[PDB]
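Everything below concerns the one structure shown next.
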Amino acid sequence: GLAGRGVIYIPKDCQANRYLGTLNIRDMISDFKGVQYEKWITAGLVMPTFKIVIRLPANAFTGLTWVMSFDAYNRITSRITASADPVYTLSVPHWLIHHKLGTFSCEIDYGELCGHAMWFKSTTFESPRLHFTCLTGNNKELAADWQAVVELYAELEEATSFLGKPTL
Amino acid sequence: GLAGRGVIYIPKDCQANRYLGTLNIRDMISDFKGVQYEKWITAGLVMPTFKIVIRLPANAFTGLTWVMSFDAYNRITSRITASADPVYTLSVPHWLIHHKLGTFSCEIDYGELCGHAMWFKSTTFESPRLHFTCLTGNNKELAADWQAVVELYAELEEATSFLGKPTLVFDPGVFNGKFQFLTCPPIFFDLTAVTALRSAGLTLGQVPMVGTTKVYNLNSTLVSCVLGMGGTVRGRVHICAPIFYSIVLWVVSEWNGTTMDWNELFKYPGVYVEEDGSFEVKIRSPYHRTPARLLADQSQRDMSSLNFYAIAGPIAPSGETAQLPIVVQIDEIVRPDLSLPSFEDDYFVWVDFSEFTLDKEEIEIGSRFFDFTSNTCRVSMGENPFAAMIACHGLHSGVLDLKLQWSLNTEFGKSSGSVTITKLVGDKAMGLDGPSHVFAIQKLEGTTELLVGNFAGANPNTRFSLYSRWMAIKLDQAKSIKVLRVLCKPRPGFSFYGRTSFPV
Amino acid sequence: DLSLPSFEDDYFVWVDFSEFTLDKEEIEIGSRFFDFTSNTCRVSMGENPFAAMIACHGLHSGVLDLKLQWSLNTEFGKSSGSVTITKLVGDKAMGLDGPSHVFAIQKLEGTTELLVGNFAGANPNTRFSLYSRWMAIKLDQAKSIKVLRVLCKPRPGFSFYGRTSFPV
Amino acid sequence: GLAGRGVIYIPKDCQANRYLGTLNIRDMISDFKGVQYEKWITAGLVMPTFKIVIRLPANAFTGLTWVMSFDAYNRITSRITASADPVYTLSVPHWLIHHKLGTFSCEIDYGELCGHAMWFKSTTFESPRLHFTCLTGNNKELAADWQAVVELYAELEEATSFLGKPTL
């Protein structure tokens, strides 16, 4: 079920390479707080399979494409908050979000994309982030500022091991 | 085949609530004149099944939505010709016409929606109209004025009876939970807002208003037959805007205001709406039901509401300015949790007469159930579902059992005279004498039956002159009476024809 | 080894009104079975198992058949007016008209039914505001009445919820 | 699972008729907050079957007996907060807790003992309380003040009706 949520603010003039924001995955779940958050406290460690949903009004008249970057180890954050070069945002696991397709969804198997289980009380190594950036801009500015909603769905259960299976 | 036709003229700037025009159904057929019109003359009476087609260039770049209102009894015409409030246009059988879908078509079974057969030579009760109004306006004006074509298709054959089959038969203990023609007026979202809330009340028995005018309609009347309801609202949402506008809605039910915490919001059981489609939302309440009507000083938001949260959008290209309209239709309460019926199979007040100024008072009833007036005494009319059902149909027919009760103004020992019920067939001047009854005033109560109907088989909700039984109440010592109360209880099978509305 | 039941399936006293000081007296019942008060007449409440059962539950619901009886204070030949039962759905201000009933005072008795309940389905043993049927007894010549007695007899299925107690 | 909890404070000299405290059932669940509390928010209405557990060191050398009174309609609260007469505490559904038996447990079928379903956001009629009182005192005072833990276990699921089945 819904485990956490957050909001990304889109300026009326969303140009290529605009940083839109960063959501902190653990904060989304703890600020929500949360049937899943509460199951997590009891489990201690979780290795979730998240379904991420970005709710987003479909529109074919803008040309907007965004990138969601999964930055589990906080490697690109510092370098994209002023301006997000696609070389950075595309250098970690990521998904293209096309405006024409509207509401977007993907699976993040935290076991694979991340590798280590999450501890209810505090971050272990670094804090896992989702970055939202604009890859291709709108053909002309839109009528007004707007927002998109980011949602995390999961059925959190107790993790049996600290470590995932090796990506490589 | 084609039986009649007409034209609706659309202004280049078609704004919400613009009245576009009224077509008179019988005139469409007679001005055409017409293989069908000619078959009609021979038949005398017809109970058509019409296919109505509105020819209309499909266009996804305007956001225009129109309403065609079937007004068989001419109930809303006078009130929409300057400006058409959706409360009126949606209060009778109606159809949404979306510009993106282009040419529109529907069936009107005149037997059901109307109730009485049409006479080739002249209108019988009132003249059946089709109204065309704009429900949601164009995002920006179009290039030029234009027109749409309305067409009637039918294979007219001779009608065997004057009366259709009754749309509704009076029963207090029966409100199913399925609705027809329950459309909420448009809800609007500004694009200058990053998020927003629009509430729709679920106190469905509440009578809708336009300024100071009450618009009685069948749906609110039906709901008033119940104390309250819970369950799941099944409906449809229509997003009435150009392809280049879009929005994402979180639709959920809340009780007594709304939470201010976005996180709580999404812990409730709602549904997401991105585009035209159906929806099911559980009615949310501490009592699991929301009341059918409001008491004094209460607001519809104090109870259960259907809330529409804009969580992403609406968005549009620059420089659009129009709001994004959402039109909600409610089809039924599924898996309903109903309260008790508000009324039992029992009597209810029709009218109280009091404050008599003359000893001789004679109240003509005839064969009608209706609102009385008097210059010589005070009339207090009862308000209840039955009376509204009468007001919300074109025709009705049945039998009322009456109970009369009265109390004295003067000392009992000094009392004399009677409450006399005159029962004739015909009229006062040439009528035959039926079961007239003299109740000596000391009885202080009496009973009688009233036929609501006539030789044709049904009454309109207006004055009319059709041979029937005829009743009157005669008082000879009225100043001795403090109050005369008349209650009625419809006999099984009391019938209504042609759902419509009644503005006052 | 039980005795006879103390009560039969019969009416019992709910309330006696007497010693009326004003000709106009209007007693609001609404949808409740409860203890009346008045500044303008004397109220004498009945005490019996039914009333205690109402007092010893959190919620109750059902239908009461009512019998009203009265006797005159003034000479019969001089009497006028009525005991009127107002029956609405809603409230006095915006209510729909039900089976209201005008009992000429010379009838000296009348009957009616009272729904004890509301749209939610049950009443607490306190004041509350929940849409329901609504009843009142209207007197226009109360000073002519020596006593107005209201008896009630619960229809089968009168229900109680949540056993509790009631200190006074 | 555990749905809420609270604490009762026992004085070293626990005499007959000492009022020990009142736990508010809905507060226990909302202060805990709570996998069950969060399921409740989603359900709106719950008709729980609670298992109540009072954790309590078994002791055969005191003679202490307490009463837990289920006061769903807040009928005795006002009259027991200074001193709790057993006539009040035993006048609503209640359980005897004997010190010799230690940790105590019972079931409260909220459908029966209460009658109406609970609304996540606020109290409907009155707020359901558990009262803790001393029925028989300690033979002599104990060594020091102490405490007992009260716990609510339930698997909250959505209530289909407002009303239970009638107790009577």
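Just remember, in the structure tokens the first chain shown is A, the second B, etc., residues are 1-based per chain, and ligands are 1-based in the order shown.
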At a cut-off of 7 Å, using only C-alpha atoms, what residues contact region 6-14 of chain A? Leave out same-chain residues fewer than 3 positions from it and give the result as JSON, numbers by chain.
{"A": [18, 20, 21, 23, 28, 137, 138, 141, 142, 143, 144, 145, 146, 147, 148, 149, 150, 151]}
Kindly export the residues of the current selection with N, CA and C atoms, as an mmCIF file, in the first residue's frame.
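Written out: selection-v1.cif:
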data_model
loop_
_atom_site.group_PDB
_atom_site.id
_atom_site.type_symbol
_atom_site.label_atom_id
_atom_site.label_comp_id
_atom_site.auth_asym_id
_atom_site.auth_seq_id
_atom_site.Cartn_x
_atom_site.Cartn_y
_atom_site.Cartn_z
ATOM 1 N N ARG A 18 16.847 22.361 -15.585
ATOM 2 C CA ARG A 18 16.367 22.840 -14.284
ATOM 3 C C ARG A 18 16.317 21.718 -13.239
ATOM 4 N N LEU A 20 14.603 20.358 -10.120
ATOM 5 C CA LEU A 20 13.240 20.557 -9.633
ATOM 6 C C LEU A 20 13.163 20.274 -8.160
ATOM 7 N N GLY A 21 13.976 19.331 -7.711
ATOM 8 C CA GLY A 21 13.983 18.991 -6.302
ATOM 9 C C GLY A 21 14.520 17.611 -6.009
ATOM 10 N N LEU A 23 13.721 14.335 -3.351
ATOM 11 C CA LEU A 23 12.966 13.720 -2.285
ATOM 12 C C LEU A 23 13.862 12.741 -1.572
ATOM 13 N N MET A 28 10.219 10.492 3.158
ATOM 14 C CA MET A 28 8.873 10.344 2.591
ATOM 15 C C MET A 28 8.058 9.348 3.409
ATOM 16 N N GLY A 137 13.161 20.760 -22.274
ATOM 17 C CA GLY A 137 12.279 21.789 -21.755
ATOM 18 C C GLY A 137 11.002 21.969 -22.537
ATOM 19 N N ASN A 138 10.096 22.768 -21.985
ATOM 20 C CA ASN A 138 8.850 23.077 -22.677
ATOM 21 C C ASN A 138 9.109 23.988 -23.872
ATOM 22 N N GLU A 141 6.748 28.603 -22.305
ATOM 23 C CA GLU A 141 6.331 28.448 -20.920
ATOM 24 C C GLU A 141 4.855 28.075 -20.866
ATOM 25 N N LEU A 142 4.467 27.393 -19.790
ATOM 26 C CA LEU A 142 3.065 27.078 -19.547
ATOM 27 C C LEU A 142 2.302 28.268 -18.928
ATOM 28 N N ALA A 143 1.015 28.070 -18.665
ATOM 29 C CA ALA A 143 0.186 29.160 -18.152
ATOM 30 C C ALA A 143 0.551 29.563 -16.715
ATOM 31 N N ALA A 144 0.943 28.592 -15.898
ATOM 32 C CA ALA A 144 1.242 28.898 -14.515
ATOM 33 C C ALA A 144 2.102 27.820 -13.863
ATOM 34 N N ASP A 145 2.673 28.124 -12.700
ATOM 35 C CA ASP A 145 3.415 27.125 -11.930
ATOM 36 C C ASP A 145 2.494 25.957 -11.625
ATOM 37 N N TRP A 146 3.071 24.781 -11.431
ATOM 38 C CA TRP A 146 2.292 23.616 -11.037
ATOM 39 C C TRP A 146 3.102 22.632 -10.201
ATOM 40 N N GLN A 147 2.527 21.468 -9.918
ATOM 41 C CA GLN A 147 3.229 20.479 -9.119
ATOM 42 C C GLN A 147 2.906 19.056 -9.554
ATOM 43 N N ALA A 148 3.812 18.139 -9.241
ATOM 44 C CA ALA A 148 3.583 16.728 -9.456
ATOM 45 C C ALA A 148 3.715 16.024 -8.114
ATOM 46 N N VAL A 149 3.010 14.914 -7.962
ATOM 47 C CA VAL A 149 3.046 14.147 -6.734
ATOM 48 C C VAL A 149 3.840 12.871 -6.933
ATOM 49 N N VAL A 150 4.780 12.611 -6.026
ATOM 50 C CA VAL A 150 5.553 11.372 -6.037
ATOM 51 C C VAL A 150 5.090 10.446 -4.932
ATOM 52 N N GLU A 151 4.806 9.192 -5.266
ATOM 53 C CA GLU A 151 4.296 8.245 -4.280
ATOM 54 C C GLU A 151 5.104 6.943 -4.235
#
Residues at most 8 Å from region 94-109 of chain C, counting only C-alpha atoms, excluding those fewer than 2 positions away in the same chain, as an mmCIF file with N, CA and C atoms, in the first residue's frame?
data_model
loop_
_atom_site.group_PDB
_atom_site.id
_atom_site.type_symbol
_atom_site.label_atom_id
_atom_site.label_comp_id
_atom_site.auth_asym_id
_atom_site.auth_seq_id
_atom_site.Cartn_x
_atom_site.Cartn_y
_atom_site.Cartn_z
ATOM 1 N N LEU B 295 -31.022 20.330 8.958
ATOM 2 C CA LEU B 295 -31.809 21.059 9.938
ATOM 3 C C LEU B 295 -31.372 22.525 9.923
ATOM 4 N N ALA B 296 -32.053 23.358 10.705
ATOM 5 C CA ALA B 296 -31.752 24.782 10.766
ATOM 6 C C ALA B 296 -30.295 25.014 11.147
ATOM 7 N N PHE B 343 -41.054 8.540 5.919
ATOM 8 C CA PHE B 343 -42.488 8.403 6.160
ATOM 9 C C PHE B 343 -42.942 6.948 6.133
ATOM 10 N N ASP B 346 -48.846 5.894 5.846
ATOM 11 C CA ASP B 346 -49.729 6.549 6.793
ATOM 12 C C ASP B 346 -50.209 7.841 6.162
ATOM 13 N N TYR B 347 -51.103 8.537 6.852
ATOM 14 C CA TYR B 347 -51.558 9.833 6.396
ATOM 15 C C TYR B 347 -50.463 10.882 6.545
ATOM 16 N N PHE B 348 -50.633 11.994 5.852
ATOM 17 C CA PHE B 348 -49.780 13.154 6.038
ATOM 18 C C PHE B 348 -50.608 14.387 5.728
ATOM 19 N N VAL B 349 -50.172 15.542 6.221
ATOM 20 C CA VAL B 349 -50.984 16.738 6.106
ATOM 21 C C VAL B 349 -51.081 17.227 4.672
ATOM 22 N N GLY B 382 -49.426 21.796 3.504
ATOM 23 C CA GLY B 382 -48.410 20.874 3.972
ATOM 24 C C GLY B 382 -47.314 20.695 2.927
ATOM 25 N N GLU B 383 -46.092 20.447 3.386
ATOM 26 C CA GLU B 383 -44.971 20.149 2.499
ATOM 27 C C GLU B 383 -44.393 18.781 2.848
ATOM 28 N N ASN B 384 -44.361 17.878 1.878
ATOM 29 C CA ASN B 384 -43.899 16.500 2.076
ATOM 30 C C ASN B 384 -43.610 15.816 0.742
ATOM 31 N N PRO B 385 -42.967 14.653 0.780
ATOM 32 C CA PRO B 385 -42.576 14.032 -0.489
ATOM 33 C C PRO B 385 -43.717 13.859 -1.486
ATOM 34 N N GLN B 405 -60.082 16.606 10.536
ATOM 35 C CA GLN B 405 -60.143 16.803 11.974
ATOM 36 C C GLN B 405 -60.360 18.284 12.262
ATOM 37 N N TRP B 406 -61.137 18.595 13.296
ATOM 38 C CA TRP B 406 -61.285 19.987 13.664
ATOM 39 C C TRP B 406 -61.496 20.195 15.156
ATOM 40 N N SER B 407 -61.240 21.419 15.620
ATOM 41 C CA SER B 407 -61.473 21.785 17.020
ATOM 42 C C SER B 407 -62.297 23.048 17.060
ATOM 43 N N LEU B 408 -62.995 23.261 18.163
ATOM 44 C CA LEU B 408 -63.886 24.404 18.271
ATOM 45 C C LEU B 408 -63.198 25.664 18.783
ATOM 46 N N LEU B 444 -66.399 16.323 15.260
ATOM 47 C CA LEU B 444 -65.026 16.804 15.403
ATOM 48 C C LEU B 444 -64.018 16.065 14.504
ATOM 49 N N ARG B 485 -58.213 20.519 9.777
ATOM 50 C CA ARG B 485 -57.047 19.871 9.183
ATOM 51 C C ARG B 485 -57.483 18.761 8.225
ATOM 52 N N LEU B 487 -55.988 15.601 6.172
ATOM 53 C CA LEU B 487 -54.883 14.694 5.896
ATOM 54 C C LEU B 487 -55.260 13.730 4.788
ATOM 55 N N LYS C 67 -50.595 6.334 23.863
ATOM 56 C CA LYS C 67 -51.978 6.652 24.175
ATOM 57 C C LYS C 67 -51.993 7.931 25.005
ATOM 58 N N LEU C 68 -52.766 8.926 24.573
ATOM 59 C CA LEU C 68 -52.949 10.140 25.359
ATOM 60 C C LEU C 68 -54.353 10.133 25.968
ATOM 61 N N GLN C 69 -54.452 10.505 27.237
ATOM 62 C CA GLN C 69 -55.739 10.638 27.900
ATOM 63 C C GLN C 69 -55.761 11.935 28.672
ATOM 64 N N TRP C 70 -56.914 12.592 28.723
ATOM 65 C CA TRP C 70 -57.014 13.798 29.524
ATOM 66 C C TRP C 70 -58.388 14.014 30.132
ATOM 67 N N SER C 71 -58.446 14.820 31.185
ATOM 68 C CA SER C 71 -59.723 15.205 31.781
ATOM 69 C C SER C 71 -59.816 16.726 31.869
ATOM 70 N N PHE C 76 -67.546 20.896 30.842
ATOM 71 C CA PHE C 76 -67.539 20.286 29.525
ATOM 72 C C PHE C 76 -68.209 21.159 28.479
ATOM 73 N N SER C 79 -66.053 23.915 26.976
ATOM 74 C CA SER C 79 -64.744 23.534 26.446
ATOM 75 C C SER C 79 -64.553 23.876 24.974
ATOM 76 N N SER C 80 -63.303 24.116 24.601
ATOM 77 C CA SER C 80 -62.944 24.353 23.211
ATOM 78 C C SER C 80 -61.483 24.018 23.030
ATOM 79 N N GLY C 81 -60.974 24.105 21.805
ATOM 80 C CA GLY C 81 -59.570 23.820 21.553
ATOM 81 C C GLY C 81 -59.225 22.348 21.359
ATOM 82 N N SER C 82 -57.950 22.021 21.490
ATOM 83 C CA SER C 82 -57.488 20.697 21.102
ATOM 84 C C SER C 82 -56.211 20.258 21.794
ATOM 85 N N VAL C 83 -55.972 18.950 21.755
ATOM 86 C CA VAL C 83 -54.655 18.382 21.982
ATOM 87 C C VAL C 83 -54.171 18.035 20.591
ATOM 88 N N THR C 84 -53.176 18.764 20.099
ATOM 89 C CA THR C 84 -52.689 18.567 18.735
ATOM 90 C C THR C 84 -51.347 17.854 18.755
ATOM 91 N N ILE C 85 -51.203 16.810 17.952
ATOM 92 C CA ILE C 85 -49.922 16.127 17.805
ATOM 93 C C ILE C 85 -49.270 16.550 16.498
ATOM 94 N N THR C 86 -48.156 17.262 16.584
ATOM 95 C CA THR C 86 -47.420 17.650 15.391
ATOM 96 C C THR C 86 -46.405 16.572 15.047
ATOM 97 N N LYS C 87 -46.434 16.090 13.809
ATOM 98 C CA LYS C 87 -45.474 15.087 13.353
ATOM 99 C C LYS C 87 -44.762 15.585 12.107
ATOM 100 N N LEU C 88 -43.479 15.865 12.240
ATOM 101 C CA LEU C 88 -42.697 16.315 11.106
ATOM 102 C C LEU C 88 -41.575 15.347 10.809
ATOM 103 N N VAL C 89 -40.853 15.620 9.731
ATOM 104 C CA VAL C 89 -39.574 14.971 9.495
ATOM 105 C C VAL C 89 -38.581 16.094 9.341
ATOM 106 N N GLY C 90 -37.611 16.131 10.239
ATOM 107 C CA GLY C 90 -36.671 17.235 10.294
ATOM 108 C C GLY C 90 -36.808 17.981 11.603
ATOM 109 N N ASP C 91 -37.183 19.241 11.528
ATOM 110 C CA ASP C 91 -37.392 20.030 12.727
ATOM 111 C C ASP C 91 -38.520 21.022 12.518
ATOM 112 N N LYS C 92 -38.829 21.789 13.551
ATOM 113 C CA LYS C 92 -39.930 22.731 13.483
ATOM 114 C C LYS C 92 -39.745 23.724 12.339
ATOM 115 N N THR C 111 -54.468 8.670 20.085
ATOM 116 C CA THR C 111 -53.312 7.788 19.953
ATOM 117 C C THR C 111 -52.364 8.300 18.878
#
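All residues in region 17-156 of chain D with a DSSP state of alpha helix (DSSP H), computed from the backbone, read residues 25, 26, 27, 28, 29, 30, 31, 32, 35, 36, 37, 38, 39, 40, 41, 42, 43, 77, 78, 79, 80, 86, 87, 88, 89, 110, 111, 112 and 113 of chain D.
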Interface rows for chain D against chain A: nearest pair, Å to one decimal, 8 Å, only C-alpha atoms, as a Markdown table:
| residue | atom | partner | partner_atom | distance |
| --- | --- | --- | --- | --- |
| D:34 | CA | A:38 | CA | 6.4 |
| D:35 | CA | A:35 | CA | 5.2 |
| D:36 | CA | A:35 | CA | 7.8 |
| D:38 | CA | A:35 | CA | 5.3 |
| D:39 | CA | A:35 | CA | 6.6 |
What does the file look like for those residues with C-alpha atoms, as a PDB file, in the first residue's frame?
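Once everything was written out, this is out-v8.pdb:
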ATOM      1  CA  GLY D  34       0.468   2.451  15.916  1.00  0.00           C
ATOM      2  CA  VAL D  35       0.112  -0.016  12.987  1.00  0.00           C
ATOM      3  CA  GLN D  36      -3.489  -0.533  14.104  1.00  0.00           C
ATOM      4  CA  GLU D  38      -3.016   3.758  11.026  1.00  0.00           C
ATOM      5  CA  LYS D  39      -5.256   0.942   9.727  1.00  0.00           C
TER       6      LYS D  39
END
Using only C-alpha atoms, determine which residues of chain D fall within 7 Å of chain B; present them as a PyMOL selection string.
chain D and resi 41-42+45+119+124+161-162
Could you dump the residues just selected with C-alpha atoms as a short mmCIF file (atom, residue, chain, number, x, y, z; two decimals), in the first residue's frame?
data_model
loop_
_atom_site.label_atom_id
_atom_site.label_comp_id
_atom_site.auth_asym_id
_atom_site.auth_seq_id
_atom_site.Cartn_x
_atom_site.Cartn_y
_atom_site.Cartn_z
CA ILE D 41 -7.64 5.99 9.84
CA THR D 42 -8.11 4.18 6.51
CA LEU D 45 -15.10 2.98 11.44
CA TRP D 119 -14.70 6.92 14.32
CA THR D 124 -19.08 10.23 18.50
CA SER D 161 -22.39 -0.99 9.99
CA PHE D 162 -22.64 1.77 12.58
#
Could you work out which residues of chain C fall inside 7 Å of chain D? Count only C-alpha atoms, and format the result as a count of residues only.
9
Tell me, as a VMD selection string, which residues lie within 6 Å of region 414-422 of chain B, counting only C-alpha atoms; anything in the same chain fewer than 2 positions away does not count.
chain B and resid 411 to 412 436 to 441 471 to 477
Preceding selection exported with N, CA and C atoms as a PDB file, in the first residue's frame:
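Ended up saving to again-v4.pdb:
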ATOM      1  N   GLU B 411     -67.621  27.706  22.686  1.00  0.00           N
ATOM      2  CA  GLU B 411     -67.949  26.697  23.678  1.00  0.00           C
ATOM      3  C   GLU B 411     -68.701  25.510  23.052  1.00  0.00           C
ATOM      4  N   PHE B 412     -68.300  24.296  23.419  1.00  0.00           N
ATOM      5  CA  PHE B 412     -68.918  23.088  22.902  1.00  0.00           C
ATOM      6  C   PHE B 412     -70.446  23.103  23.015  1.00  0.00           C
ATOM      7  N   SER B 436     -72.155  12.283  -0.836  1.00  0.00           N
ATOM      8  CA  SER B 436     -72.062  13.465   0.013  1.00  0.00           C
ATOM      9  C   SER B 436     -72.288  13.078   1.474  1.00  0.00           C
ATOM     10  N   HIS B 437     -71.780  13.888   2.389  1.00  0.00           N
ATOM     11  CA  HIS B 437     -71.772  13.497   3.791  1.00  0.00           C
ATOM     12  C   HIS B 437     -71.884  14.728   4.679  1.00  0.00           C
ATOM     13  N   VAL B 438     -72.837  14.729   5.595  1.00  0.00           N
ATOM     14  CA  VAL B 438     -72.964  15.816   6.554  1.00  0.00           C
ATOM     15  C   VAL B 438     -72.407  15.382   7.899  1.00  0.00           C
ATOM     16  N   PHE B 439     -71.265  15.951   8.287  1.00  0.00           N
ATOM     17  CA  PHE B 439     -70.672  15.698   9.604  1.00  0.00           C
ATOM     18  C   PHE B 439     -71.082  16.783  10.575  1.00  0.00           C
ATOM     19  N   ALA B 440     -71.977  16.459  11.501  1.00  0.00           N
ATOM     20  CA  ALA B 440     -72.358  17.444  12.503  1.00  0.00           C
ATOM     21  C   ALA B 440     -71.076  17.921  13.154  1.00  0.00           C
ATOM     22  N   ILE B 441     -70.982  19.216  13.430  1.00  0.00           N
ATOM     23  CA  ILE B 441     -69.735  19.787  13.940  1.00  0.00           C
ATOM     24  C   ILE B 441     -69.243  19.107  15.224  1.00  0.00           C
ATOM     25  N   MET B 471     -65.531  17.342  -5.674  1.00  0.00           N
ATOM     26  CA  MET B 471     -65.677  17.432  -4.235  1.00  0.00           C
ATOM     27  C   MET B 471     -65.571  18.855  -3.704  1.00  0.00           C
ATOM     28  N   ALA B 472     -66.311  19.134  -2.645  1.00  0.00           N
ATOM     29  CA  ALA B 472     -66.169  20.410  -1.962  1.00  0.00           C
ATOM     30  C   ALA B 472     -66.394  20.224  -0.470  1.00  0.00           C
ATOM     31  N   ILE B 473     -65.782  21.092   0.321  1.00  0.00           N
ATOM     32  CA  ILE B 473     -66.013  21.125   1.754  1.00  0.00           C
ATOM     33  C   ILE B 473     -66.828  22.367   2.063  1.00  0.00           C
ATOM     34  N   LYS B 474     -68.001  22.190   2.654  1.00  0.00           N
ATOM     35  CA  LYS B 474     -68.889  23.309   3.005  1.00  0.00           C
ATOM     36  C   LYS B 474     -68.953  23.487   4.516  1.00  0.00           C
ATOM     37  N   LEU B 475     -68.661  24.703   4.958  1.00  0.00           N
ATOM     38  CA  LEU B 475     -68.775  25.098   6.349  1.00  0.00           C
ATOM     39  C   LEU B 475     -69.927  26.096   6.504  1.00  0.00           C
ATOM     40  N   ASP B 476     -70.792  25.896   7.502  1.00  0.00           N
ATOM     41  CA  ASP B 476     -71.912  26.831   7.724  1.00  0.00           C
ATOM     42  C   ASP B 476     -71.730  27.648   9.004  1.00  0.00           C
ATOM     43  N   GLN B 477     -70.763  27.232   9.827  1.00  0.00           N
ATOM     44  CA  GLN B 477     -70.494  27.873  11.106  1.00  0.00           C
ATOM     45  C   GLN B 477     -68.998  27.944  11.292  1.00  0.00           C
TER      46      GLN B 477
END
Which neighbours of residue 26 (chain A) fall inside 8 Å, counting only C-alpha atoms, when residues of the same chain fewer than 3 positions from it are skipped, and could you give them as a PDB file with N, CA, C and O atoms, in the first residue's frame?
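Generated output (around-v1.pdb):
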ATOM      1  N   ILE A  29       8.696   8.270   3.838  1.00  0.00           N
ATOM      2  CA  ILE A  29       7.999   7.229   4.566  1.00  0.00           C
ATOM      3  C   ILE A  29       7.781   7.624   6.026  1.00  0.00           C
ATOM      4  O   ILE A  29       6.754   7.289   6.613  1.00  0.00           O
ATOM      5  N   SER A  30       8.736   8.342   6.609  1.00  0.00           N
ATOM      6  CA  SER A  30       8.628   8.691   8.024  1.00  0.00           C
ATOM      7  C   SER A  30       7.756   9.937   8.263  1.00  0.00           C
ATOM      8  O   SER A  30       7.111  10.047   9.304  1.00  0.00           O
ATOM      9  N   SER A 127      22.077   8.607   2.821  1.00  0.00           N
ATOM     10  CA  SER A 127      20.620   8.659   2.735  1.00  0.00           C
ATOM     11  C   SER A 127      20.141   8.630   1.283  1.00  0.00           C
ATOM     12  O   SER A 127      20.472   9.534   0.515  1.00  0.00           O
ATOM     13  N   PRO A 128      19.351   7.599   0.909  1.00  0.00           N
ATOM     14  CA  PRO A 128      18.873   7.382  -0.465  1.00  0.00           C
ATOM     15  C   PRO A 128      17.944   8.495  -0.985  1.00  0.00           C
ATOM     16  O   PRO A 128      16.912   8.763  -0.388  1.00  0.00           O
TER      17      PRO A 128
END
